[PDB]
Every structure is written in structure tokens, then in C-alpha cells.
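Reading through the C-alpha cells given below for one structure.
The analysis underlying the following values was restricted to heavy atoms, covering all of them including side chains, and did not include hydrogens, waters or symmetry mates. FYI, the numbering just counts along the sequence from 1.
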Amino acid sequence: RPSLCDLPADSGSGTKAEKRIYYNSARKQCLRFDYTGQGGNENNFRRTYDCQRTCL
């Protein structure tokens, strides 16, 4: 279990209106969150399955 999975959701510094997946270790599930296209942290995936095989 990569330590990136413990990181909190981070929308970032950018200006785009996008959606990404991050592993919420508290709820034990890969959830959706708003991303700006730049910045943030490693707990950021474009596909839910990738978040699951990495963190669940």
C-alpha cells in the first residue's frame, strides 16, 4: 500500500474544471473530486480502477 494513498484530496493550483479519483483512506474507497489541471498531490488518478488496484 503506497503512502500516496494516505494523502488528502487536493484540487490544485490550476484553472480547469476537471474530475479525478483519489483514495479516501477513511472511507476505504476511491472517490471523485474536483481537480484544476495542475498541482495537487500523488493521490490523483484519471481512472477509478487504477486508484483501486493501487490503494484498495
Side-chain angles (χ1 to χ4, degrees):
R1 28 70 177 167
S3 59
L4 65 86
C5 304
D6 314 325
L7 295 174
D10 197 311
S11 286
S13 50
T15 67
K16 289 164 176 187
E18 303 178 335
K19 301 281 183 174
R20 295 295 200 252
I21 306 300
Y22 80 110
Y23 182 67
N24 187 311
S25 50
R27 299 184 184 215
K28 296 187 178 305
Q29 54 192 32
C30 285
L31 303 180
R32 207 160 163 245
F33 84 104
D34 299 333
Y35 185 55
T36 60
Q38 299 166 57
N41 56 47
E42 288 294 68
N43 192 8
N44 185 320
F45 302 79
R46 290 170 184 271
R47 292 162 175 89
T48 305
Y49 193 72
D50 293 345
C51 170
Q52 301 206 148
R53 54 178 294 176
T54 297
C55 305
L56 247 200

Within a strict 4.5 Å, meaning less than it, do heavy atoms of the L4 and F45 side chains meet? yes

Can you find a heavy atom in the side chain of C30 that is under 4.5 Å from one in the side chain of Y23? yes

In terms of hydrophobic clusters joined by side-chain contacts under 4.5 Å, are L31 and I21 together? no

Could you go step by step and tell me if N44 and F33 meet the side chain to side chain contact (heavy atoms under 4.5 Å, CB included) rule? CA-CA 9 Å; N44 185 320; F33 84 104; 3.9 Å; yes

Tell me, do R32 and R20 make a side-chain contact under 4.5 Å, heavy atoms counted? no

Please round to the nearest 0.5 Å and tell me the distance separating atom OG of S3 and atom CZ of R1. 9.0 Å

Over all atoms of both residues, closest heavy-atom pair of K28 and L56: O-CD2, 3.6 Å

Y35 backbone acceptor or donor facing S11 side chain under 3.5 Å: no

Please check: side-chain N/O of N24 versus main-chain N/O of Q29, any donor-acceptor pairing under 3.5 Å? no

Show the numbers, then the answer: is there a side chain to side chain contact (heavy atoms under 4.5 Å, CB included) between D34 and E18? CA-CA 6 Å; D34 299 333; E18 303 178 335; over 6 Å; no

Does atom CD of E42 have more than 12 heavy-atom neighbours from other groups under 6.0 Å away? no

State, yes or no, whether a side-chain contact exists between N41 and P8 at a heavy-atom distance under 4.5 Å. yes

